[PDB]
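Beneath this line is the structure, given in structure tokens, with notes to follow.
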Amino acid sequence: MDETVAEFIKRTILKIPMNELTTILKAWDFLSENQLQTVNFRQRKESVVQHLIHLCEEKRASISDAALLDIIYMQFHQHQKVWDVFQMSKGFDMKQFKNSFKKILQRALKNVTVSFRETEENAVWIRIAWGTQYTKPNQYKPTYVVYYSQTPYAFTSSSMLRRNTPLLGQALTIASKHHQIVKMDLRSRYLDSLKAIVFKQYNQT
Amino acid sequence: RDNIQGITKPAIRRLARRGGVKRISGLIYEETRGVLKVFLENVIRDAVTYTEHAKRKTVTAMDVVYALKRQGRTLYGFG
Amino acid sequence: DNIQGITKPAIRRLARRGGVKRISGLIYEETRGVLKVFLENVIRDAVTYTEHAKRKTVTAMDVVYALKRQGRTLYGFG
Amino acid sequence: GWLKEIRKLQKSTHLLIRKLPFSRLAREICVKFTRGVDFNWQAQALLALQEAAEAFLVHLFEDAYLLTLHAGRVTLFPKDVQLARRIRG
Amino acid sequence: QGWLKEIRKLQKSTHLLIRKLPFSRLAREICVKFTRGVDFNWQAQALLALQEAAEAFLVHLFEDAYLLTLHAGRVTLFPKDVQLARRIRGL
Amino acid sequence: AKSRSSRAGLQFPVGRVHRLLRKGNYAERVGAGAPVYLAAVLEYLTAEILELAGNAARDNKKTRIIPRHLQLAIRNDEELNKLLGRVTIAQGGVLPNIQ
Amino acid sequence: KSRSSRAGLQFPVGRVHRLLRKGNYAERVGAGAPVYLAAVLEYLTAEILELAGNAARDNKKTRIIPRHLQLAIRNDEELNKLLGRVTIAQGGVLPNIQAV
Amino acid sequence: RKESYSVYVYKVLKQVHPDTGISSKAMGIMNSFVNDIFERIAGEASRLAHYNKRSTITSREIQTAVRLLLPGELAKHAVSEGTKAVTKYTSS
Amino acid sequence: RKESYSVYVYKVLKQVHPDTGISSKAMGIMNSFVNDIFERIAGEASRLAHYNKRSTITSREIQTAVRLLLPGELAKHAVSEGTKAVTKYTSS
DNA sequence: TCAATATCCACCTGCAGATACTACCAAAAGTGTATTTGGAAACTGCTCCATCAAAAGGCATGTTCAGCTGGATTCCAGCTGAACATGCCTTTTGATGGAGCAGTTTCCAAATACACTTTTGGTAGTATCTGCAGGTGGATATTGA
DNA sequence: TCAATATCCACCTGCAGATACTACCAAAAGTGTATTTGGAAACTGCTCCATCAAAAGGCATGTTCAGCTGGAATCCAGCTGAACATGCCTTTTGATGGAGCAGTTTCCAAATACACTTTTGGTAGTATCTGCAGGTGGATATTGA
């Protein structure tokens, strides 16, 4: 594979504690369980990741697979990031939402990378890597979004890279069955705490 | 823009004048850019090795100083 | 003398090995001077290495270490 | 006059290339060796690199203008920069 | 001609070009000015090492310096060429 | 019983390299895999140079390598010359070059 | 009762000893090496500072800056030889123009 | 009392050029070659461990020193060879 | 946690030029100067002891290294100063 | 263009120095095994200092001109190379002693460890004070005449 | 040479950003006292190789001449610098992260010591064989014709 995705996957895997590497790998499912059994998880981390990277090289891994891995990683390590809330008002199936969001971003910006993954409670996790009309995207400064289709609420992570927030909000508002969006008075590092109060307000207005 | 056309004619003229040069041919502005690019490539390659060895994502001044000292160039005012 | 034993033909041969077609008559003194300068710098470093050890014979390794100091690593003798 | 500018620029010590262009170029070069990763750069590292580069270029220009005059000229040619690098090693 | 035959012959070879006794004599004369006036002995391989190094130095300098005659539009080697080569090298 | 050069698959000595690293005041401790790596590197470089030199010898129609051949090899190669640019080979001569 | 005082020095003898011990220069270090080296370092330091202060005085100033160090070094035949492969930050160049 | 690398040079030579000998002057040059590269690599490896406050020299230090010293493709192949050597040393 | 040579440079300065100060950028240059010469001298002294099969660095090694590194009259005066320092250190 | 003379190039012969091979050996150096120990990896976490945007004004960009310089040509006298005849200095060879190198003693100097005192680095909060920027007045060289 | 204009120096005032000076502290580190150990100096002896002589001839030295080249003087056209009007990119500032750096734990890999093989360096002695020099012998360009 390209030398730029090998480094991405290696750096991503070196961040994962040995106490839970196997669980993440199993969820990713890119490597078969037989290949996992082939590996030794007791020698130092560098050799383990060398072996896993060789396995990925035998197959053909694309930036989509690595993006899926990064999404899965953040599902477990939510607290690493600060999470902000957005609200949508004045208002499609999941596939239409996916296509509209992706096409909006691709029209505004020539070079991007988008990915989705489903989750319980009708949730969808989104990862966006921002680019420009001249330059490639940055895979190490992404933007993560958690949107619950049966609700007008959307939660966002604080990137060290602005200049794309209004476009993101517009894409969320258009791809879904809404036409406006605002920011709520809630922000913290604990996504579940925001979630609980937000749906408490949603169910009990 | 190509990020090396940001090294302008006046800057090159100023470096030449500080070197004592009275007149300059119009073909000196592209030659100098290549020289500078080669120098920077050589220094930066070694600087990045020193910091990736240490398992960092941040280039410090000591890495640059070590690289230069390797290349045969010793710089004092930094630490 | 002892610098005039570096002869005109020897200098001319050294020049020809370097690809020189013609040679002014004032090159024979200039070459002698620069050679005499080169030997002084090496020989004193050799003698210093030789005196730190308490012996009165200059060995090839002293010369090699001296040249290595000057930046002129030599292969063949040690 | 060239004579006033030379005298002024030899009394001075400040840097002559602007900062942001140099920073952009040095970051563009770095990303090729890091395999796509955008490394961070301390502020005191770019100044070091700039000082070194400007010194290198000034001394090279001196050595080359020594070779313009050897040839009976006043004007600096690339012909003269190339030969100085060959002789320096 | 005669210069081209000699150049071709000499670049094809490896042997030393300065005679041995004169070089020995000069090196010993230089050594005696250090050492506080006493005469050191010399191994033979030492003098051969020094001679090889010296001839290499001189041949390479003549090479670097005949590049400055052609720069100046000449064919004949002058001393200013050697001086400037030494200056630019840093010696 | 068994050596370490054989485990590594080498001709160069892994014990001697270890000894020289320990006796050279390079650091307080020396790992197990450093001598293996270094011996392998040295073997690779030797083989490269000897290959080029044997080729040069054959071109000149000779069966035996001499310093002339090593000099030709080194100066005809764009990388070995950069590694060995401050080095003079005894009894090696110069490359033929006119003009 | 300090070692620098016994020797008549301002530079630190104990620190030099510690740095020689920790640098993997040899398995042992004697007692006169640190004092000898500290004295050499002090001599060179003062030799540079004198010339730098003189250059500052010539420029009508009471505070030394890297320009003065550069002038000192490059106008002295021996210090330039010692420090000829060195570039000094914020030092500039010596004025030099030449006729053709 | 005196020791050298001649045995192993001769083996490598008989391994790349089986028909070809080597003179005594040349093997001195090769022995000098081997001693020089050893010193360079080990010197760089000594500093990297000092810069980073380490008391042990490992294969990683040697690898980094190889990358710094050797130019281009030559470093690439040297790294490959050393990595293979360590790999099959450990697996025995 | 960080250490330097600034105290002693300031003392020496007040000892040669009592009326004269020094800026912070310049003392960095001087600290870099002191660290460089130390490394050179100690490096040469390390080799001389290795060449001659010695396990100890003494004042003689430093003296020889000083002679090798420093040019001309500067080495002469440095040798004088170091010799005096050792002489009056021993006599206490 | 012709071609003898160098000159080149190839090819064969002989032999002398230097290589490669075999045997002995012995020592010193590397390997295996078991124990203990300390350095470094793995995981947390917190504060610093790096990165990203924005607003504007100062330096760079573009066009024209004319004066200066680079480059080619001609001519002539100085200086280099080539050839030839001498002979003086280098090269090669061999008896000789001075200095390097190994082995044995011992003794002086360095490492190890514990207690105790001193010094240096960093922060808080000052207080100067040196040097730079702007303003103004006096004095000369060079531009063109 | 006259001369106005920059330009050159010099002096002055103002101020603010940076250097010296105190306090203080407390952590790290250096010093002093005993004790043990081993590295290097001092002495003797031995044999290797480096200095010092004396013949032989091959390369260096000196003179002269012919021709090649360096250097100076013309001349012409290309091209670089200077000046002016304009606008775009760099500099400065403020706001957040995210990555470096310090802390704790533990476990795995390194040092240490002892007993046992093995490999490499050196020495006779063997022989053999590669390449250098010589000479034959075929065949090409070359500067004088």
Side-chain angles (χ1 to χ4, degrees), chain A residues 17-19 44-45 80-82 141 158-163, chain B residues 1 6 8-11 13 23-26 56-58 60, chain C residues 5 7-10 22-25 53 55-57 59, chain D residues 1-2 4 18-21 38 40-43 72-75, chain E residues 1-3 5 19-22 39 41-44 73-76, chain F residues 1-4 13-16 18-19 28-32 62-64, chain G residues 1-3 12-15 17-18 27-31 61-63, chain H residues 1-4 6-7 10 21-24 54-56, chain I residues 1-4 6-7 10 21-24 54-56:
Chain A
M18 295 299 291
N19 180 230
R44 299 294 193 190
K45 275 184 74 76
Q80 296 294 321
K81 297 280 184 175
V82 164
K141 289 197 175 87
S158 299
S159 194
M160 184 177 177
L161 182 63
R162 310 178 287 281
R163 200 194 197 122
Chain B
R1 67 175 75 91
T8 56
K9 285 179 63 170
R13 210 146 54 223
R23 313 185 104 219
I24 318 175
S25 181
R56 279 186 276 106
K57 292 184 285 296
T58 302
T60 67
Chain C
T7 55
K8 183 178 184 293
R22 276 192 162 211
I23 304 165
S24 184
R55 63 171 191 260
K56 294 178 282 300
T57 300
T59 72
Chain D
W2 81 91
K4 292 171 66 176
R18 300 311 181 216
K19 291 198 205 299
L20 182 64
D38 291 331
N40 291 7
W41 279 82
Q42 280 188 350
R73 286 185 277 106
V74 165
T75 315
Chain E
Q1 292 292 1
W3 59 269
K5 275 166 46 53
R19 301 277 163 255
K20 281 183 175 172
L21 180 67
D39 291 331
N41 291 8
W42 284 78
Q43 290 183 349
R74 275 187 282 108
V75 160
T76 311
Chain F
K2 203 172 178 180
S3 182
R4 281 191 285 168
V14 167
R16 182 182 286 192
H18 207 167
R19 182 179 63 83
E28 191 195 322
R29 290 142 83 92
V30 177
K62 306 294 182 198
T63 296
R64 191 183 285 152
Chain G
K1 64 160 69 170
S2 306
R3 287 204 264 172
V13 166
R15 176 177 291 192
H17 208 173
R18 165 163 59 77
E27 173 200 308
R28 294 184 149 208
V29 175
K61 294 181 176 66
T62 66
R63 196 182 283 158
Chain H
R1 49 186 59 151
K2 291 173 72 176
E3 67 180 23
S4 55
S6 306
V7 181
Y10 184 77
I22 189 161
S23 77
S24 65
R54 299 288 182 213
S55 78
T56 306
Chain I
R1 49 186 59 151
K2 291 173 72 176
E3 67 180 23
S4 55
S6 306
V7 181
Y10 184 77
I22 189 161
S23 77
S24 65
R54 299 288 182 213
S55 78
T56 306

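Lettering of chains follows the sequences in order, A, B, ..., and the numbering in each one begins at 1.
- Partners of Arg22(C) under the salt bridge (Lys or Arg N to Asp or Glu O under 4.0 Å) rule, at least two apart in sequence or in another chain, do not exist in this structure.
- In terms of the salt bridge (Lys or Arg N to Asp or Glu O under 4.0 Å) criterion, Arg63(G) has no residue partners (sequence neighbours excluded).
- The residue among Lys2(H) and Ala44(E) whose nearest nucleotide of DNA chain K is located toward the 5' end is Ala44(E).
- Judged by closest nucleotide on DNA chain K, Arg16(F) is the one of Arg16(F) and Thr63(F) placed further toward the 5' end.
- Residue-level contact check: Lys9(B) touches neither bases nor backbone, having no heavy atom under 4.0 Å from any strand.
- The furanose ring of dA53(K) falls on the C3'-endo (north) side of the pseudorotation cycle, as its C1'-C2'-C3'-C4' torsion is above zero.
- For the side chain to side chain donor-acceptor pair (under 3.5 Å) test, residues two or more places apart in sequence or in another chain that qualify with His17(G) are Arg3(G).
- Taking the salt bridge (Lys or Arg N to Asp or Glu O under 4.0 Å) definition, one finds that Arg13(B) meets it with nothing, sequence neighbours left out.
- Of all nucleotides in DNA chain J, those with any atom nearer than 4.0 Å to a heavy atom of chain B start and finish, going 5' to 3', at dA60(J) to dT69(J).
- Annotation: salt bridge (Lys or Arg N to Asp or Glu O under 4.0 Å) contacts of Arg28(G) (sequence neighbours excluded): none.
- The glycosidic torsion of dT51(J) lies within 90° of 0, which places this base in the syn conformation.
- With sequence neighbours left out, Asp38(D) forms a side chain to side chain donor-acceptor pair (under 3.5 Å) with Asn138(A).
- Under the side chain to side chain donor-acceptor pair (under 3.5 Å) criterion, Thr75(D) pairs with no residue at all, not counting sequence neighbours.
- The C1'-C2'-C3'-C4' torsion of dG134(K) is positive. Its sugar is therefore classed as north.
- The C1'-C2'-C3'-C4' torsion of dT143(K) is negative, so its sugar falls on the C2'-endo, or south, side.
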Per-nucleotide pairing state of DNA chain K [Watson-Crick or G-U, under 3.5 Å; [ ] pseudoknot-crossing; | other strand]: ||||||||||||||||||||.|||||||||||||||||||||||||||||.||||||||||||||||||||||||||||||||||||||||||....||||||||||||||||||||||||||||||||||||||||||||||||

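- North puckering is assigned to the sugar ring of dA54(J), since its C1'-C2'-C3'-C4' angle is above zero.
- In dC52(J) the base sits syn relative to the sugar, since the glycosidic angle is no further than 90° from 0.
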